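The chain below stands alone and is given in C-alpha cells; this is the form deposited in one PDB entry.
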C-alpha cells in the first residue's frame, strides 16, 4: 500500500470484505470465479500482478524480456519467498504450469495455457504428451522461460490471473486435496490463511515472508460468503463489513445513492451479463430457438427499469470497450422490441412451438437476490413477449459452476469478466475445446476466425477478426447478451487505496489501508 502523506492510519488495520459466496476452492488450479480470485490474489502471487490501477506490473518477476513475442524470459526477484520462508523459484512455476496443463488436474482453466499458446499445450490437454513436455523451463532458480508456439504480443497481460500463480509442490504432494487447509497450506502472496470456516468466513493474516511485506498495511482481512445482496448491505451499514461484494440489491440501490453517495462506488467493468444457452441440448441446438430467446428479451426493460444501476444493454459477448474491441452493432439491436418480438415469435412458430405445445425449460441461476429478481423479470418478459414458460432454479455458486460444466441444464444466467484486457480474454472461452466453454458451443467457423488472429501480425486485422468472430457468435445465437456490467459496490470512507480505475477489479488487500476514524 502507498499511504498518502497526511493520512492518519487507524490503530487496528483489519478489513472485512463480503465475497458473494463460499469459494469453490483455494487451489489456484481448481478455480474459475470472481469470489475465488478475490481470495487467490491475496494468497498466491504469479509472475506479474495488477498495480492499484490495473496495469500489469512486477509480481514475483521483477523484469522480463521477449524474443519475437514467442520466447518470454522472466527474471524472478531474489527475495521472493513462501510463507514458510522457502524461496519462490522458477521451478515452482515450472511445476505449477505443468500441473495446470495436466488433464488429471481437471482445471477449469487448463485452456488458459492454450490462450497464451504455450508450446505443446494441445497435446498435453489431449493426453498425447506428458505435462512435462510443456514449453516452460527454469533456466536457473530465478529465471523462468516460456516458449510459445506463435507470437503473442499481449502474452504478459495474461500473467496476473490466478491459474498461472505458483502452488507449493511439497504441500500438494504430501496432503493432496487437503493441501489448502490452514494447517497445511503454504502461500506466497501478501497474506497467509489463518482460518477457513465453510459458509462462515475465510480469515487471512499478513505473510511476513512476502517480499513486499514492508508496504503491506492491513494485518488481517476476512472474506465472507454472503449471497444475499440485501444482507451484505445491511452488514456493511451496521458496521460489520467494510467493503460489500459487487452485486448490489435492487431493493436498496437507488436509496443508497441518495443516502451515502460517497460510499456508492460505480466504475467501468469489463464483464458481460448474459443468459448462457446449453447449445448441445435439444431444443437449444436449434438456432431458431436460441435466436427467439435472444431477440424476445427486452434489454431496455431489464437494464433501465429492473436493475437501473448504470449497466449498458448488450449485443455482444466481448464488452465493446475492451482494449482492442471495434465491434459492429448488429441490426436486430436497432430494431424496436416489437419488431424483435415478432421475429422471435415467428421463429418459434417455425420451430414447431404452439400455444398447445409451448417452449418450456429451466432458468438456472446462482443463489442471489439480484439474480433471482433478474430471472423473474426475464421469465415475465419471455412469457409475455414470446409465450415461453420457464422454471427458475437456484443453486449455490460452486454447485452452479459444476452444473454448467456438466451440461446438466437448459439456460443459465451467466457473467464473464475479463482475465486480461484484450478481446480473446472473452472470445477464447467460446472455442470448441475451451475448458471455460460452459455454453457447450462448437463452431469450426468461430474457431478458425480466432486461430487466424495470431496468424496476422497487425492489430487492425486482429480487431476485424474479433469483430467477425462476434458476428459468428451472434449469427449462431450462442448466448443471450443482456448487459455490460458496471462495477457497483459500497466502500467505507475509511478504506483507502481502492481507486475504482481497474476495469478488471483485480484488488489486492496489500494495497489498501484503514484511515483513522
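Positions refer to the first chain, counted from 1. Here the rigid core means the biggest group of C-alpha atoms that line up within 1.5 Å when the two forms are laid on top of each other.
Keep in mind that the form deposited in another entry is not shown, yet the notes after this line are about it.
Residue shift check between this form and the one not shown, rigid core fit, residue 59 Cα at least 2 Å = No, the C-alpha moves less than 2 Å.
If we fit on the core, is the Cα of residue 318 displaced 2 Å or more between this form and the one not shown?
-> Shift at residue 318: 2 Å or more after core fit.
Can you tell whether residue 324 sits closer to or farther from residue 62 in that other deposited form than it does here, judged by CA atoms, where the change is 3 Å or more?
-> Result: closer.
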